[PDB]
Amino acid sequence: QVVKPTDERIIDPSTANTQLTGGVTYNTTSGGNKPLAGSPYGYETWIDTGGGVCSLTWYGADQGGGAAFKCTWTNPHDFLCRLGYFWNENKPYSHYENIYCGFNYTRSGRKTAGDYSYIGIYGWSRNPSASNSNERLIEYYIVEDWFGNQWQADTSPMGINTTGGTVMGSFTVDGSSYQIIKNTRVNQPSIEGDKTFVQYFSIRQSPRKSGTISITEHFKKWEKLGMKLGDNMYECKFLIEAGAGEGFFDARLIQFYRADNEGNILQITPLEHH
């Protein structure tokens, strides 16, 4: 079985309501993962050159769980901003054991991020031994929240109308049902260039702005549904994606941590200084 950890370094997301200040700003496409100074985490941004202005401020290694950030966008064409674990070292998700993310943020309201948008956990994984050639590369999302659009409230879950693909199943974890979606992508931009790959989504049925995500539980459910991740996880990061519009995201807390099956902490931020 899996026991959840109990460690005083884990910040209660329900009470992490304090606006953060300071940190380091970036405002152009990063060119993939870039390591953050004095941090186990990397960030990645895509800020398209169409005329839109976007910005990221990382709150630094000492506060807000160590992976907290804000960002803003003005008329982007698909703004992506993510921060967290970068791995890409030929290890499956299960190598990293039980992965959790405690979070708390505020954000702009409904219709401030275009027709599609995503908030939550994101990454890629490679499955070289996949029987289906389409399924050798995987992009993944655990969607906690979004900005809705003119047809749908941000307080209601997005569906296949937005994500594309096919509903695969459901499970309940961290206080909500999640709908599972798989979408095969043909000739689209990926971390391996324009090609065919598969997307996996868990869409939280009750969207929220704070709590804890039991990331490994999603990985396990996907694999139980035959949605394989393979032996090479690329990254596991907290993402905001805005299709268009003009908005903000501002985290009081993004705290990644990992624990073994009995609940012993393997990695947590911040690290203590002396």
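For every residue, the number given is its place in the sequence shown, counted from 1.
- The PDB entry records a higher mean C-alpha B factor for 28-36 than for its counterpart among 28-36 and 215-223.
- Taking the mean C-alpha B-factor of each stretch as recorded, 42-50 and 234-242 are not equal, and the higher mean is that of 42-50.
- Taking only the listed residues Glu144, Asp154, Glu139, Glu135, the entry reports the highest CA temperature factor at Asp154.
- Across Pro92, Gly159, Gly120, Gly193, the entry's maximum B-factor at the CA atom is seen for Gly193.
- Per the PDB record, residue ranking by Cα B-factor puts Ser177 in the lowest third of the chain.
- The deposited CA B-factor of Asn187 belongs to the highest third of values across its chain.
- Placement of the Cα temperature factor of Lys111 within the chain: highest third of the modelled residues, per the deposited record.
- For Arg126, the recorded CA B-factor ranks within the middle third of the chain. Only modelled residues enter the ranking.
- Ranked within its chain, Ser202 lands in the lowest third, by CA B factor from the PDB record.
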